[PDB]
Amino acid sequence: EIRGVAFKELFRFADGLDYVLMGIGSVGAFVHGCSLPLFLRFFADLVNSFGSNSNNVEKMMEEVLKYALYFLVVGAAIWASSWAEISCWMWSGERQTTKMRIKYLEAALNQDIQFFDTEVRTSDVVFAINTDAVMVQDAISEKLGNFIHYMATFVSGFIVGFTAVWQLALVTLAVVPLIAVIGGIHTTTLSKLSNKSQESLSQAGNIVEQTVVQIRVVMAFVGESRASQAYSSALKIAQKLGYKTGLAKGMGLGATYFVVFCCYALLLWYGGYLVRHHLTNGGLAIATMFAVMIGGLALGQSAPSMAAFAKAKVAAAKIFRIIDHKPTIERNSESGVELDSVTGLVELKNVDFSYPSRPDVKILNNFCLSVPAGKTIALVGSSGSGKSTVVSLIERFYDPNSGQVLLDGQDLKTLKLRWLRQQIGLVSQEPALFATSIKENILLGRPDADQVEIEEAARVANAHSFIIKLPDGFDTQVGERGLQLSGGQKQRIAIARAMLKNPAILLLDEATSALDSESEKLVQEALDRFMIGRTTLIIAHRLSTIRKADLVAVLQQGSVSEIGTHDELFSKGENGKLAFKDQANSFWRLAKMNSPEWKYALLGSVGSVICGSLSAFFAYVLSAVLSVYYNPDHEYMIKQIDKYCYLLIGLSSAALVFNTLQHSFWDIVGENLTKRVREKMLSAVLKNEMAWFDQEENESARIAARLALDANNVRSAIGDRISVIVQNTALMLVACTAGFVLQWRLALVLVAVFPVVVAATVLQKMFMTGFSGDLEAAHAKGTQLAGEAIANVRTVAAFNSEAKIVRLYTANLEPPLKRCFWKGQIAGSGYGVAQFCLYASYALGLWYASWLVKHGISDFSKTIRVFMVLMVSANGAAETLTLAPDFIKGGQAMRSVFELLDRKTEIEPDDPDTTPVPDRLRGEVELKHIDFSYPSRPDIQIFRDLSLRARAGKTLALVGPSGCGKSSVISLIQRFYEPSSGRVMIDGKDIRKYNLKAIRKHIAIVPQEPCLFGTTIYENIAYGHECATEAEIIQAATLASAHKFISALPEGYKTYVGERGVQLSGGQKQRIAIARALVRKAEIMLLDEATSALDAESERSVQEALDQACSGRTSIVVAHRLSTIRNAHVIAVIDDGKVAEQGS
Ligand SMILES: Nc1ncnc2c1ncn2[C@@H]1O[C@H](COP(=O)(O)OP(=O)(O)NP(=O)(O)O)[C@@H](O)[C@H]1O
Ligand SMILES: Nc1ncnc2c1ncn2[C@@H]1O[C@H](COP(=O)(O)OP(=O)(O)NP(=O)(O)O)[C@@H](O)[C@H]1O
Ligand SMILES: [Mg+2]
Ligand SMILES: [Mg+2]
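Residues numbered from 1 in each chain as written, not as in the entry; some residues may be left out. Chains lettered and ligands numbered in written order. Heavy atoms only, no water.

## Focus: the site of ligand 1
Here is the rule: Neighbouring residues are identified by heavy atoms, a residue being near a molecule or strand if any of them is within 4 Å of it. Residues adjacent in sequence count toward polar contacts only when both atoms are side-chain atoms; beyond that, a polar contact is any pair of N or O atoms within 3.5 Å, and within protein one must be able to donate a hydrogen and the other to accept it. A 1.4 Å probe and the Shrake-Rupley method give the accessible areas. Residues count as covered only by the protein chains that appear here. Only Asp, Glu, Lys and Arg are considered charged, only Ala, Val, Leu, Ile, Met, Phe, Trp, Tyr, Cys and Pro nonpolar, and every remaining residue, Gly among them, polar.
By nearness alone, 15 residues border ligand 1, and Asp117, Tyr355, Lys387, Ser388 and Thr389 come closest of all. Taking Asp117, its side chain carries an N or O atom lying 2.6 Å from a nitrogen atom of ligand 1. Notes on ligand 1: free accessible area 620 Å², of which the protein chains cover 64%. Residues that form the shell around ligand 1 fall into these classes: four nonpolar, seven polar and four charged.

Put into structure tokens, the structure is as follows:
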């Protein structure tokens, strides 16, 4: 594929309206970006007029009113600009993306079939559908507007700073790289530590996933405690990594604060020096500092836009590669050579063909079907022969490279390729129902049909009664959630589609796994005896279909050299309000669980409060310094500025130390809690019935994924997020008290407009994040329909329904387009209103301060201090409200955690109060009057009044047929399942009233699937007995005729084994499992299909090994072949849950 396209190529699908929208959005973004430095300049001018005219109250009042009106104007401009930018950019991006998706799907469906074999795969095409969102609905939708906005902010801030005071602007410009470098180092270290911690968490998740997968053996052989120990060790490694990550984050933030405070101290001293020499005034100095800092931050904030631009260039290069490719069928489908009377004579002629994917091999050979016109052919040959290949050749999916295939004496290469597919009606292995309605699914076979025609096609051919008995009635949306799998009924629908097409020659490929739904009724309906020409390719083990066709024309080896009418069945065969109180109780319970380290939290909280206070003090200092700038006494101003700079240096050191302290302690408690929670979740999971594991929702991978997610999110919400809330509350209190002390009433007016500022700042944070949600989730219906169409491209092209699919795609994509337009309008209007109210609040507060000064109630210094302090308070409160949704999510996750932990188990693995057991049992087992319905199928009851009996030390060899009991017995003898009314007697004792684990220490399991653990075979053998050492390993496979091959391995015992290890043979791993069972040294032995997948010598050796093992101990054996089990005391037979002859 191309490396990338030009940035200007992203706007290929932009029309005039899109150009107008982009122009308006660019203008709005530029004005919105430039507004903030203009606000800083106007604030500086207001402060100058407010502090430089203490003697002249009239002039200062007039100028303060003037600049408050300027603030209102800036607020209105921000409102208009933000509205225009957000709405126009979102809507134009959505429109261009929708057009691009429509044309991409059209081009992909118009492509030739072989294009999906040699060129990009189907999975690549659906991935392109999915990633089109993050490409175009992201780069040109909001990232471009953000880039323009941030360039405007950076340029305007630099211009304002260098036009107000150029010396201070240069100093701040020198300052900015220091903070940039500190932030970059902090982010790099944090990302590295996060990667390491994620790797450790992935290892722990793998451990829990394997435990849940092999819970079959993890419970049978006690050792779920060992799984808990392994999980604890992995979590301890992850906990050390988390401690390192938290310490790194704390040091990074502390260094950032230290550098910021020291640099601002130097800047304030230099500003005082400049004010002394009458080069400037205090307001312009502060505005210059803030404007240059804002410009630097804006320049920093445009990097994600560039990253999105690069990713979009790559993905758009891929999409344009797919779009611009010219299909092969376009020149194949040429001027009208359609006939006027089809007879149904398909002659394959001498043609051979090879797939372009693997041209070396010739799948097709020298043969010709020569389908008789008006008569049915039914070819049955091999499983890997060109049956589906010749089917595709008939429909001209692939152009033959040798010879030619012709219809009614006319070459297929010369036909319409549209009319041709109109004659042939195809039935495939997969019905391939689309996301649209059932009636639309029927209609896409023939677009020029109405409801009566659909009803007659469904009724006369096949049936339609199943459609009526549907929740949605006559018309139903099958989709992916509206309806579920209907089995052969889905196939039924396909047949109906084939019956909406005009009656002609048909290609009916397969009806496998349809039961009676669409085999007998399929051959009865669909005019399998009527019409002209058919090709029934179904094998179905020769389900009487051969007699239907006049000729068989077998396809052995890939040829029809054997053809005619006969009874030769052997056709060769070469191949084949929500509950907040519950949430609060959950927090109380979790914190009670987190008691053993409450002390840590307190110390963290202490750091928390300090940090909050420090922030407040910083604000105060700035305001104080600003006030000191407007003082005629030069020496007094020098002394005050020096004092404030020294205090700021001290504050920087304290901020570094205490910020590191708070982050370290809160991350410590957070990591410890999330670890304790994970251990508790695993311990509760491993103490559940197998039926609980049977639960579909309790999938091994899902069980692991759910655990990880709930653990991490609750951890974050309770540990990292809280520190923020506490420090922000500290800031609020100190800021509030300082304001009402320096100047009350003004602070009261400020706290009155507090919610307005909080809302405006939280909307600013949301704007920084982005005002468009999950774009992939917005186009879910469209993307799943497109994926279904692309995966089934052969069926789409067979029915000539590309245009119908494209128009359905447009119909599915329109509602998201309208929703995006309205969402953009609402978001822009709300953001603009919030910003306008914010600036109105600023103007009102400043004007009230000026009025208070005029009336002699207060002074410039106190009013300015209260103002700045309260504004930083509002910023902190807005940050807290921004972080609150994470607390909501954490509450949901911890509710899930607590409902999992509080779940009770009916079969408790350990019973502290139970009957004691002798060290050595007797070995007798009595399964008396047992019966139960497997939890998977409660409707299907298994076993009726079974009376199985195994004597002390004797061998039982129950066999049965496949699927009738067998394993179920060993799933009940050892309490994997609960009989409805059964009795299990062991050593003259019922097992229900017993400790369970105590006998399961004396039971050995060798299931059908030879499960293996970890990476070394030695530990796999040792799993049977936790104190195996090496002598029992001699008593292991060493003494079970399974030592030669393991010694032949390069590493011997410590040989890499497992899913990621060496894939051993079935017999070798089976005797590994046998060795594990011997190491268990169980008094009661349970064999389970030990002679199923072994070679002759391996089967023999396993036979003597098991015969030696069973000596003197009761054993239950199941095996299909009776020759191995004839040398047993008793043999039992079961069938359909009933008890057959058992004595012999
Ligand atoms: N695009 C392809 N490229 C390469 N090999 C393919 C391709 N499609 C199918 N094959 C293989 O070609 C061989 C011939 O089988 P084919 O006639 O394609 O289907 P089939 O096995 O007859 N299907 P079915 O009738 O359902 O049992 C098989 O090994 C296929 O897996
Ligand atoms: N994991 C399972 N989920 C659902 N049903 C099950 C499961 N395991 C066993 N059954 C049912 O238990 C009954 C008896 O199956 P069973 O004979 O134990 O199977 P098997 O061990 O796979 N047989 P075989 O392959 O001949 O050794 C059948 O109704 C099965 O469908
Ligand atoms: Mg086929
Ligand atoms: Mg089995």
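## Concerning the side chain of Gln423
Defined as follows: Only DSSP runs of H or I with at least four residues qualify as helices, and only runs of E with at least two residues qualify as strands; both kinds are numbered from the N terminus onward. Only protein chains enter the accessibility calculation, which uses a 1.4 Å probe; a residue is then buried when its area is under 20% of its type maximum, exposed when over 50%, and partly exposed in between. In what follows, a contact means two residues having at least one pair of non-hydrogen atoms within 4.5 Å.
Summarising the element assignment, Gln423 is placed in helix α11 (residues 419-423). The class of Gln423 is buried, set by a relative accessible area of 4%. Among the polar contacts made by the side chain of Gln423, one reaches the main-chain carbonyl oxygen of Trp419 at a distance of 2.3 Å. The residues touching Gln423, leaving out its near neighbours within four places in the chain, are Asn502, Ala504 and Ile505.

## Some remarks on the packing of helix α3 (residues 122-164) against helix α7 (residues 282-301)
Note the threshold: Between N-to-C directions, angles span 0 to 180 degrees; the directions come from axes that are lines fitted to C-alpha atoms, helices contributing only their stretch in contact. We call two directions roughly parallel when the angle between them is under 35 degrees, roughly antiparallel when it is over 145, roughly perpendicular when it lies between 65 and 115, and oblique otherwise. Crossing handedness is defined as follows: a turn of the near helix away from the far one that is anticlockwise and smaller than a right angle gives a left-handed crossing, while the clockwise case is right-handed.
As a packed pair, α3 and α7 sit with axes 7 Å apart at the nearest point and diverge in direction by 155 degrees. With respect to each other, α3 and α7 are oriented roughly antiparallel. Of the two possible hands of crossing, α3 and α7 adopt the one that is left-handed. In this structure, α3 contributes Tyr150, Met151, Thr153, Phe154, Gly157, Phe158, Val160, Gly161 and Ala164 to the contact, and α7 contributes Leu284, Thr288, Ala291, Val292, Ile294, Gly295, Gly296, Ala298, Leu299 and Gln301.

## Focus on the UniProt feature "binding site: ATP 2" in the chain
Stated formally: UniProt positions are given in the numbering used here, feature names are shortened, and annotations may be inferred rather than shown by experiment.
Sites flagged by UniProt as "binding site: ATP 2" map to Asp694, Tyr934, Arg937, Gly965, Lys966 and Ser967. Structurally, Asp694 is set in helix α20 (residues 690-694). In this structure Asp694 comes out as partly exposed when scored by relative accessible area, which is 28%. Setting aside anything within four residues of it in sequence, one finds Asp694 in contact with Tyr934, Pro935 and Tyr977. Mapped onto the elements of the fold, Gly965 is located in the loop between β10 (955-956) and α29 (967-970). Ignoring any residue separated from it by four or fewer positions in sequence, one finds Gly965 in contact with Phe943 and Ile1134.

## Some words on the sheet that holds strand β9 (residues 941-950)
Stated formally: Only when DSSP finds a minimum of two bridges between them are two strands counted as paired.
If you walk across this open sheet you meet the three strands as β9-β8-β11, and the pairing is antiparallel. Each edge of the open sheet carries a strand with a single partner, namely β9 and β11 (983-986). On average, each strand axis in the sheet is inclined to that of its neighbour by 15 degrees, with strand direction left out of account. Sheet topology note: the strand β8 (residues 925-933)/β9 ladder contains seven bridges and is antiparallel. Bridge pairing in β9 links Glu926 to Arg949.

## Looking at empty space enclosed by the protein
Stated precisely, the cut-off is as follows: Cavities and pockets are defined on a 1 Å grid built over the protein atoms alone: a cavity is a set of grid points where a 1.4 Å probe fits but cannot escape, while a pocket is an open set with protein on both sides within 12 Å along at least five of seven lines, and lining residues are those with an atom within 4 Å of any such point. Grid points are joined across faces, edges and corners, and a volume is the space filled by probe spheres set on the points.
Considering only enclosed or pocket space, the largest cavity measures out at about 130 Å³ in volume. Lining the largest cavity are 15 residues, with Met219, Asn688, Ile907, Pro909 and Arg1000 positioned closest to its centre. Considered class by class, the residues forming the lining of the largest cavity number eight nonpolar, one polar and six charged. The calculated volume of the second largest cavity comes to roughly 90 Å³. Lining the second largest cavity are 14 residues, and of these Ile1017, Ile1021, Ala1037, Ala1042 and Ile1046 sit closest to its centre. At the level of elements, α31 (1017-1022), α33 (1044-1048) and α34 (1066-1080) are the ones that each hand at least two residues to the lining of the second largest cavity.

## Notes on helix α23 (residues 754-769)
Helical geometry note: an α-helix holds 3.6 residues per turn, so side chains three or four residues apart project in the same direction. Counted only if it meets this: Expected span of a helix: the number of residues minus one, times 1.5 Å.
Across its 16 residues, α23 extends 23 Å between first and last C-alpha, which sits within 8% of the 22 Å expected from 1.5 Å per residue. Among the residues of α23, those classed as buried are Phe754, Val757, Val758, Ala760, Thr761, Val762 and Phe767.

## Observations concerning the pattern of salt bridges
Under the convention used in this document: Whenever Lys or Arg places a side-chain nitrogen within 4 Å of a carboxyl oxygen from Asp or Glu, that contact is recorded as a salt bridge.
On inspection of all chains with the given rule, the structure shows 36 salt bridges. Where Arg721 meets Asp720, a salt bridge forms, and the shortest distance between an N and an O atom there is 3.7 Å. In this structure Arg721 comes out as partly exposed when scored by relative accessible area, which is 21%. A salt bridge links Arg721 to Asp886, with the shortest nitrogen-to-oxygen separation between them at 2.8 Å. Taken together, the residues span a long stretch of sequence, with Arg721 in helix α21 (residues 700-742) and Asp886 in helix α28 (residues 860-901) at a distance of 165 residues. Since its relative accessible area comes to 24%, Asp886 is described here as partly exposed.

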